[PDB]
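For reference, the chain that follows is the form deposited without the ligand, supplied as structure tokens.
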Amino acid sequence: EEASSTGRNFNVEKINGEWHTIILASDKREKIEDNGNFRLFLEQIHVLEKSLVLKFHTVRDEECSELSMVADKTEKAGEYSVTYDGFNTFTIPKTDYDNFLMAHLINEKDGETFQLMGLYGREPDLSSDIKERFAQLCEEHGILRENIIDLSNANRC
């Protein structure tokens, strides 16, 4: 069964645990390119009463650097906010809990904005069918495939 974080039947406890960054996408491609601040490799999501603790690592010159962020629930169900390289809010438009998680985030910094979409998997990779479903979801948000980057062969330290 699939759900959206903004849907009535969403069960946030079910996204707890191990996750891996499979694909990242953005309408500002530089943000997820090699030295981008949003080229983030997820490791786990810890679900709390009104927050999610996100554990990630970034990579630079082949060196991994850990980072944790706390995302707080906002006034809208299914929406979380977090301060990181500006102000971010995000939702999970689609997850099946057991294989994949698709997130949609809006970043605002210095009076600007951009959209970030991420495809996360329970294992370090996902099937081609799930990756195509993600490309379709990015298209629905106006993000071209040329701005979608598969990081499945670069998500391990």
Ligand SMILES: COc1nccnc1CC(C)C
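Start at 1 and count along the sequence shown; that's the residue number.
Just so you know, the form solved in complex with the ligand exists too; it's not on screen, but the next bit is about it.
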Contact check for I22, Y97 and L126 against the ligand in the bound PDB entry, heavy atom at 4.5 Å: no
Partner proximity in the bound PDB entry: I130 to the ligand, non-hydrogen atom cutoff 4.5 Å: no
Touches the ligand in the bound PDB entry: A103 (any heavy atom, 4.5 Å): yes
Touches the ligand in the bound PDB entry: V59 (any heavy atom, 4.5 Å): no
The ligand contact at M69 in the bound PDB entry, heavy atom, 4.5 Å: yes
Residues in 22-45 with any heavy atom within 4.5 Å of the ligand in the bound PDB entry: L24, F38, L40
